[PDB]
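This text opens with one protein chain seen in two forms, each one given by itself as structure tokens under the names structure 1 and structure 2.
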Structure 1
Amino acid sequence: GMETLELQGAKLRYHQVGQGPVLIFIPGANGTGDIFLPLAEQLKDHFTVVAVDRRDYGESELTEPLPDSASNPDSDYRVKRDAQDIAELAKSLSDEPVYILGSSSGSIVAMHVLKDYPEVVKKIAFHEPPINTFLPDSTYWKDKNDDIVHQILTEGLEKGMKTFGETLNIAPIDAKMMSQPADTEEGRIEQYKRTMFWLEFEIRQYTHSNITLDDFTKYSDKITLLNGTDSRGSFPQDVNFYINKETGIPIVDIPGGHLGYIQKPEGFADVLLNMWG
């Protein structure tokens, strides 16, 4: 459907309509070129209009993961790579410098195209740029951006998992260990990533997955249910009590809490050896 330009680390997809000199539209927050298509129809008699899906969005696809440092708020990897994508797109489509319009965060991509690859720019428009770096009050706006990201991404996660743990009657030691911040700032970014992945891709999917009581009954002789000695009253123990009630499969108590295997490894092992050694 869309056109493709294969670049280092990505397949860049774009829409193309019209005839005449090339005019590249760079999208803002939505990331995709489809938002420009009604506009392109109005221009297609005068320009070859090109509307880009920036490489992290839409029908574009990465061919290798983002660098770990891209999560750093001062990383320049993505904005420069987006600008290089536009410059390479222009060079692929035109032997002459081209017309470029970016809007909002796409206007910032456009500014980096002019800075890094001026040779591809005939004319350029910055539609409502939100860049703050050169403003006299840059700090105020930078701090507002930093704080809203921190509120939505970090604060929301921290507060939600605390109250969720309490509603499930998770023991304090488990709540602390499952939430404990990594000792390194490289580890804390991974940890956020891992926890958000688990929330979006694991908790709902796994806890409501296709296991029935009859699955337990059929292999009852193979199964041990384990409840921690330090996590009594918590929701997972009620799950085991229900399995036991309906199947007769024994519950064995084992030292520690939800994370008892690392809290009390000697005692945890002693029970496993009684079971299976």
Structure 2
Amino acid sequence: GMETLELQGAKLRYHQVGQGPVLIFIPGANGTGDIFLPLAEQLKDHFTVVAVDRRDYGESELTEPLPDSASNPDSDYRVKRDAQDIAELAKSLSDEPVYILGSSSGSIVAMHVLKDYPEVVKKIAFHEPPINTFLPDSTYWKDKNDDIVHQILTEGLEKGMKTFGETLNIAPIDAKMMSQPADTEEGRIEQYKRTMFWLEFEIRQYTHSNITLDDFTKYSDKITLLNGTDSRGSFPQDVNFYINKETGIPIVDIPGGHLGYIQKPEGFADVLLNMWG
């Protein structure tokens, strides 16, 4: 039901209703044009109302991925790309400059449109802009946005793994190693994205996978289970126990913890050479 304007790296989807001069609404944190539709039906007799889903939201869809660096606080890409999106939208719909209204961060997009592509702006309206760069109290509001984001992303995650570990009864040796941050601010944020991906896309899907004891017994001569000598009492040690109890597959003990192949690689290797040839 939506219109489409295929751009570089995205199909931009937008509503279009009414008739008369083009007026483009840019959404804020909502990111989608549907929020403007009850306003649009009130305006359609006077303007060709265009309410855009910005490329990263809603019915829009990127066709190549975001640069990994878009994750970075002072990244430039998304906001310039969104502004250029609006410029191409206007140009595609109207030979003449159009009206534009942006709300909240969407009016920041509107500021970049009027900066980079003034030729498509006939009038522009900034509904309650939250930008702080030119404020005289700019560092205050920058630091605060920076701090609330750090707090929301990390603080919830750090407490959760801490209690999760004791629900699993994780050996101190692993828990020591697992929490030590990286030695690089880049190593630490790939480390956050890592654990965050793991929580959402791996642990539930993998630990409730369709594997039965039956499809272990088929190949019992090939399998060894392997328990850490530093991680006894932990949840994965019980899974191995249960498997061996019901199938007979043997449990070879091996130095280290859940991470023993990096904790005690030498002794880890010696056990593997023993079992295998």
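All residue numbers here refer to structure 1's sequence, counted from 1. Between two forms, the rigid core is the largest collection of C-alphas that superpose within 1.5 Å.
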Checklist line | 2 Å-or-more CA mover between the two structures, where superposition uses the core and the choices are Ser75, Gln84, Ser179, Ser104 | finding: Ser179
Checklist line | Two-part rigid motion between the two structures - turning angle of the smaller part, in ° | finding: 11
Notebook entry, point to check: How many angstrom apart are the two C-alpha positions of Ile251 between the two structures, if you fit on the rigid core?
Noted result: 2.3
Notebook entry, point to check: Can you give the C-alpha shift of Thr217 between the two structures in Å, rounded to one decimal, after superposing the rigid core?
Noted result: 5.0
Next item on the list: Report, in Å with one decimal, the C-alpha displacement of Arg204 between the two structures after core superposition.
Entry: 1.9
